[PDB]
Amino acid sequence: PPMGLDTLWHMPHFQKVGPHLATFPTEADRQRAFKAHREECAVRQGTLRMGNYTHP
Amino acid sequence: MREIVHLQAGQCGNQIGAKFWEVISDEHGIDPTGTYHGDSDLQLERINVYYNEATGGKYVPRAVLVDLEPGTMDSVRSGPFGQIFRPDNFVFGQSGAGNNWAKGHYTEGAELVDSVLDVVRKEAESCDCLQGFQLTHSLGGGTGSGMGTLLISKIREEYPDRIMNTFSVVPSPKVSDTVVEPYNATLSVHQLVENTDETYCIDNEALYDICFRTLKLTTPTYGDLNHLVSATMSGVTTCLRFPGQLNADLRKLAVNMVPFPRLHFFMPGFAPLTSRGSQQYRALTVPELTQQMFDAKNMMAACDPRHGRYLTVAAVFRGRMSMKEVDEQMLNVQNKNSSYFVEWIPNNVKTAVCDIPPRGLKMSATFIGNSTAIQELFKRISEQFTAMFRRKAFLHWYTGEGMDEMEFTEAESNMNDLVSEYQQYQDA
Amino acid sequence: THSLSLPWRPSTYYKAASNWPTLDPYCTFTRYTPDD
Amino acid sequence: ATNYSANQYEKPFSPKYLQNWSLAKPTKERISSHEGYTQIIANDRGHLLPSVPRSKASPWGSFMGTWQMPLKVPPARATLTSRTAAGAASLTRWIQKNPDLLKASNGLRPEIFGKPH
Amino acid sequence: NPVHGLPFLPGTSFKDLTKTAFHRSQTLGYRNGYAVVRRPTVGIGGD
Amino acid sequence: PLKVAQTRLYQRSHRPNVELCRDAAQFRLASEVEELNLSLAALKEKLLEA
Amino acid sequence: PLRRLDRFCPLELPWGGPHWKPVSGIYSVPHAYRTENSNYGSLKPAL
Amino acid sequence: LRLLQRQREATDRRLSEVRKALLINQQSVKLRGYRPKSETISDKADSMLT
Amino acid sequence: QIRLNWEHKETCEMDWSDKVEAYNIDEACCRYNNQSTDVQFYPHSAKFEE
Amino acid sequence: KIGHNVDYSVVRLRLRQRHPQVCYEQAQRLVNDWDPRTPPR
Amino acid sequence: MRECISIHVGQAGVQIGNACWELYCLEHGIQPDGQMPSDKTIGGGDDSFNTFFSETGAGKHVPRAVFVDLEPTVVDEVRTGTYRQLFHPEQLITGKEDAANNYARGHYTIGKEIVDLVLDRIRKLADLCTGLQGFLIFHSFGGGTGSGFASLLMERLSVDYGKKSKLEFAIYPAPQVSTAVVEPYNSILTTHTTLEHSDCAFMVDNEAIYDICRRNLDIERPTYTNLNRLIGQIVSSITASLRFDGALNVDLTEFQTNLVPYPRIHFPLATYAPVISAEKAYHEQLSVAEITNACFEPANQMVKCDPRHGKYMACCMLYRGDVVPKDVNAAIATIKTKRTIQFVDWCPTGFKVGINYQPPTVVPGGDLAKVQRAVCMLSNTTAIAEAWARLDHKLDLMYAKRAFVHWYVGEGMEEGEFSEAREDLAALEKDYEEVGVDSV
Ligand SMILES: Nc1nc2c(ncn2[C@@H]2O[C@H](COP(=O)(O)OP(=O)(O)OP(=O)(O)O)[C@@H](O)[C@H]2O)c(=O)[nH]1
Ligand SMILES: Nc1nc2c(ncn2[C@@H]2O[C@H](COP(=O)(O)OP(=O)(O)O)[C@@H](O)[C@H]2O)c(=O)[nH]1
Ligand SMILES: [Mg+2]
């Protein structure tokens, strides 16, 4: 049985970099959006987990 | 004696005007060469409303064709009637708006408004007595929406007592022709609220619905869609150019249809639309005109009147009809539908009858209706706008043209206040 | 040719095929002027 | 030199209508009116007198060649809308990093617009 | 190809389909500094 | 237009040997002159009764 | 070898362009171009 | 045991059904707003939907 | 072989000369319009169709 | 009467679309008219 | 009045521009010698060539193009080819030694020599532009000239012209095939320097066009000309509004406003809908609904990125031929109901449309069928973050050991520019993440 694709290795050196474009009104809205997007990792297809819902 | 100066801005405005001037030319009997070949004296007695005299039995339109990039007026000029416009009336620049309201209002339209104002002054002060203005444009673009509102803002400063009509084309609910179109529509509406006396809102897919369900046209081109807008444009001013038993010009309608100054957004309609095989199934009669006229699938805006209450409704009839029948039918329409008409206005119907019908037709009528159900277009635009502006979607293309960030806040506040003002009269 | 005009005039084809004989067959304004 | 303005006919002589699509000089829209006559502030051969103040800019212009323009040139548009405050600060500091390119004759003309949060 | 003749109404316009060339022409251009408006000679497609 | 059709028919008659051809333009110009003759006949008769 | 069936259709329209002057039919409307005030000083008005 | 985790897709279907049930609750709440103004009052059914 | 090559080249070249003459005639025929001179009436000859 | 018909439609719709092998795209096409919500303030 | 200057840089740029200019000549009436075959009008004739061609006094049209390469063997084929008489001799610039798969040669040492000659030729070509709209730059992300010198061109053009529009036609690195080893280094460096000097950047892969040519077209074992003809068809459908009549005209300035939501995400993907062979076109009706649905097929995309792995942000649709706007309205209304096509909440519109009545032209020798309808869809999707992550990993594997950096550090480029280019795209990685989350 073939397993799913991995997340591709990067340096820890460039994992502490933040974003450059702030596209949310407040920081609380940012936290709420990211704390609502991080429950549906296992049910979203594609690497980095920003795709469809994988369906039945 | 009562002249109208016609303005067109942008692709939408130029393409609608190219059909409107052809329709007026057929109405008044003008060949493509510019001369007059009419067969009745009534087509020449009131030709000064839209035409200027020239030597040799030749007439020229009062049009001011405005575009930021002249790519549309090149195809306009190559048409069957494109050579009748005066060459000095074409005003153009080298760079287009790029579907940007800020560019066409501050960056590119500011360098082009002087020549347009010069042409407008030249064509407006040569008239015996100016009646008003007419502007055709769209709220989804950058030239017809950005500079098309700058033209209104500069015209209303100089001539603050003339009728300012805007036959605008407003955004559709289902499919968008421009991505940044809610921003353009919001800003152009904020300009249009405090600078116009009348505003006629036209939805493209309403015209597609008309051409599909009522006319059964499998392949309606944009010229077929523009024909209906031209026909409903020429019906409003048909009492200036032709006599009638009961006359009503633009000012009389502006008095009768606008109870409060901010409520001047109207929803048009054209009555005798019949398909290609069913002309034998219906007769040109006043009951069978008003049956189609008040219908929901006959309007030019995508909001049925059952969502609200009619405030004022007009119908400029054309032809030789008995106005007892007209009065009885427009009373029966109000009496049958009690809940869709306001209560504190005893009569919601203004009626005008003109003798001369369109050619080939016994009779016709042009619906104009001030309904509270216009608010759902505004609410759609406002929520599509605040979907983007909450996360600042395309704001970098506007502030980089010098704009201020409270512009969109101010425009949204004005639009929301207009919606609330419409909601005030929903429940008396 | 395609059609059959009733006064059939094949003479110029006959001359041209007499000179250049690889010309293909000719299989399928009624009077002349005195200059002709 | 000095680029004056044909007052009615400035539109034909605009920098973009003469088929010049690059950055151009700005024209003079107003002319000051002065009375009296001028003193003589130079001598023969064009030398300024010792009692007349001079300009600290170098003569022979301020022109940046290809091999003198800075590596990693700054932005031309540089709009700050919808940006991190630190990142927009970095972009602005990138604009202000090379003052010699900004004051060059063929220099950059940035449009610092917008405001980060 | 008979020519019939109809009244001009909002629902009567029969487009062509035997038309491939949709070339446009620069009848509105510029000059040294001036907006030239030259007379049209060809329509859409160079006809 | 009748002049233009007749001149187009005249100039093409002086083409060289092989390329004297029954192009569809020849049929088009014959139909041109026939249609213009019919139109002229209609206009002249109707002028007479006017 | 083709090069001609791409820029040009091998077809013609079966109809000519419909003109907008069926004048004997435009005047077939009852009381063609006759206003209401013409009845004042005439005989037998009806509509 | 890896083939024993073929019931991992079985709970994808159940999550789809839960999401569809949420959509149906949304549709049911939005249809109940079409009632007249006197009818639309606070009710135990609205609390049940919540 | 050289003589055969020259014969075929000259045959193709006479064909090309005829083609360029007919092209000039047809291109002159295309430059005709209602608002122009260089156009007259001609008698209806049988050589216009042959 | 109108309220009773509306609630009966809600019950019937909920019973229809609960039955499995219903996909999402036949479930969002039932009640689909765009009703914009009133102004923010 | 609608002139655009095409700037082809690199071997990919020159070989693309060959097919592009062949199709530009064939679409109008211009022979390979630069002359019209005849003057059929007495004094008229269409001036539609003014977008691409500049007419001299007598009869000759000269292209508004600059062909730049650092190796003579690619330009010299045009110089001694069929279109030799068409091109002005000074419009074909050529270096003596090439960049050889190195960004540093094209950016600091060798490419900084011919930059003045290209800038003066660009100024001379822009002098005859009456109504200039913007520049079109064709290059590749994997080469040395097309990555370094194109970036230097953007570098100079931002200084010399300001806010003038400059669209890209890049060749993105493929996810599994490549024709170089140091390709990730060039890709990271020339993305980092031109993250902001480009208004838009249309990219296509090469493996994806191989898959389309194998699957949609009937041909196997294709060459680079088959890809170049498709890219030329894309660039013709982009600029078709400037030369032909249109129900809805699409200016070149409209693309950046209707496709670039935020100041760094300007990388949309291109796709051409009815790319099918002749015998497949014989059995298929190609209505607006079919070719609108075929644009959103994952297999029909010209970049090797699955759209189902991300979220659509903006879509620009350009239509050509016998197209009714009613059917366009219906077809785009149908697509929004789909669940396999997902959009972002902050863009409820998501569509810009444009209809042109000119049908696409058939170049002889090409395998494409004569169609009455065509769509060139330019879609900006969040699903490209897979490609940036794979390029990130491929740069990462080599930069862990500092392989091949002696070729770059020894030629005027310091080591630190790797450390800030990688950091900037690592910022862009989560810049894509911030616009993909929904607000609740
Ligand atoms: N689509 C397409 N891509 C090409 C073509 N030729 C080269 N490429 C791409 O270009 C990349 C390499 O750059 P080249 O164009 O060959 O050469 P260059 O860009 O001038 O760089 P240098 O050779 O170092 O000067 C390869 O990865 C190819 O994918 C072509 O004809 N068509
Ligand atoms: N309804 C209708 N809309 C049109 C027509 N022509 C253009 N438009 C609309 O115009 C909008 C585009 O704006 P446009 O005028 O082209 O931009 P501008 O030229 O910069 O002002 C689109 O939403 C179209 O729906 C037409 O003939 N009918
Ligand atoms: Mg190379």
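So how was this one determined? The header says electron microscopy, 3.6 Å.
Cβ atoms are placed via backbone N, Cα and C, with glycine included.
It is K:1-4, from the ranges K:1-4, K:113-116, K:185-188, that Swiss-Prot records as motif 'MREC motif'.
With K:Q11, K:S140, K:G144, K:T145, K:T179, K:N206, K:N228 listed by Swiss-Prot as binding GTP, the candidate from K:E71, K:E284, K:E290 annotated for that site turns out to be K:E71. Only K:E71 of the recorded positions listed as K:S48, K:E71, K:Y83 bring a Cβ under 6 Å of any atom of ligand 3; the order follows the sequence. Annotation for K:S140 (GTP binding site): spatial neighbours K:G10, K:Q11, K:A12, K:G13, K:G146, K:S147, K:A170, K:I171, criterion Cβ-Cβ under 8 Å with sequence separation of six or more.
In the vicinity of ligand 1, defined as a Cβ distance under 6 Å, the following of the recorded positions K:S48, K:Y83, K:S140, K:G144, K:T179, K:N206 are placed: K:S140, K:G144, K:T179, K:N206. In this structure, K:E71 is the one among the recorded positions K:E71, K:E254 with the smallest number of other Cβ atoms inside 10 Å of its Cβ. Between the two most distant C-alpha atoms of the annotated GTP binders (K:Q11, K:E71, K:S140, K:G144, K:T145, K:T179, K:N206, K:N228) there are 22 Å. Taking every protein chain shown into account, K:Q11, K:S439 are the recorded positions, and of these the Cβ with the most other Cβ atoms within 10 Å belongs to K:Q11. The closest partner of K:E254 (active site) among the recorded positions, by CA position, is K:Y432; the full candidate set was K:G144, K:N206, K:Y432, K:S439. K:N228 (GTP binding site) is surrounded by 20 other CB atoms, counting those within 10 A of its CB over all protein chains shown. Taking CA atoms as the reference points, K:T145 (GTP binding site) and K:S48 (phosphoserine) are 33 Å apart.
Here the Cα atom of K:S48 (phosphoserine) is found 15 Å from that of K:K40 (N6-acetyllysine). In the three-state DSSP scheme, K:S140 (GTP binding site) is classed as coil.
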